[PDB]
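In: Next input, structure requested:
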Amino acid sequence: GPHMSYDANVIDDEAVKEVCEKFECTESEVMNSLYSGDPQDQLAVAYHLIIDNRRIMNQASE
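Out: Residues are numbered from 1 along each chain as shown. Okay, here it is:
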């Protein structure tokens with residue numbers, strides 16, 4: 001059979017860890033909506049917003 005299109009090599013494990021504490025959930029729940037659910041789910045929306053925070057808000061203020 002063919003190779004899979006996604007893997008932990010194409011996720012931000014620091015973002016997943018930040019979603020776990022900020023959203024109050026487990027890594028497997030964060031990874032599920034990114035791997036087998038859809039990006040519009042609240043756990044994947046948290047991952048997107050936390051990657052925006054980690055890049056921008058982390059530098060824009062202190």
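In: okay, now residue 44: neighbour count?
Out: Residue 44 has 19 neighbouring residues, counting by other C-beta atoms under 10 Å. All C-beta atoms are positioned from the backbone trio N, CA, C, and that covers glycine.
In: from the chain's centre, how far out does the strand or helix carrying it sit?
Out: Of the helices and strands defined by DSSP states H and E, residue 44 is found in helix 42-52. Using C-alpha atoms, centre = their mean, to the nearest Å, the distance from the centre of helix 42-52 to the centre of the chain it belongs to is 6 Å.
In: Skip ahead from that helix and say which helix or strand is next.
Out: Counting by DSSP H and E, the element after helix 42-52 in chain order, helix or strand, is helix 58-60.
In: buried sites along the helix or strand that contains residue 31?
Out: Under the assignment given by DSSP H and E, the secondary-structure element containing residue 31 is helix 27-35. Applying a neighbour-count criterion of 16 or more other C-beta atoms under 10 Å, the buried positions in helix 27-35 are 29-31, 33-35.
In: Quickly check the residues you listed for the two that are furthest apart.
Out: 29 and 35 (11.0 Å; C-beta to C-beta).
In: Grab the most central residue of the protein for me.
Out: Computing the C-alpha centroid of the chain and ranking residues by C-alpha atoms, centre = their mean puts residue 47 first, at 3.2 Å.
In: Can you give the distance of stretch 16-23 from its chain's centre?
Out: Averaged C-alpha coordinates place stretch 16-23 at 8 Å from its chain's average position (C-alpha atoms, centre = their mean).
In: now do stretch 31-39
Out: Computed by C-alpha atoms, centre = their mean, the chain-centroid distance of stretch 31-39 equals 9 Å.
In: same thing with stretch 32-43?
Out: Counting by C-alpha atoms, centre = their mean, stretch 32-43 comes out at 9 Å from the chain centroid.
In: All set, thanks.
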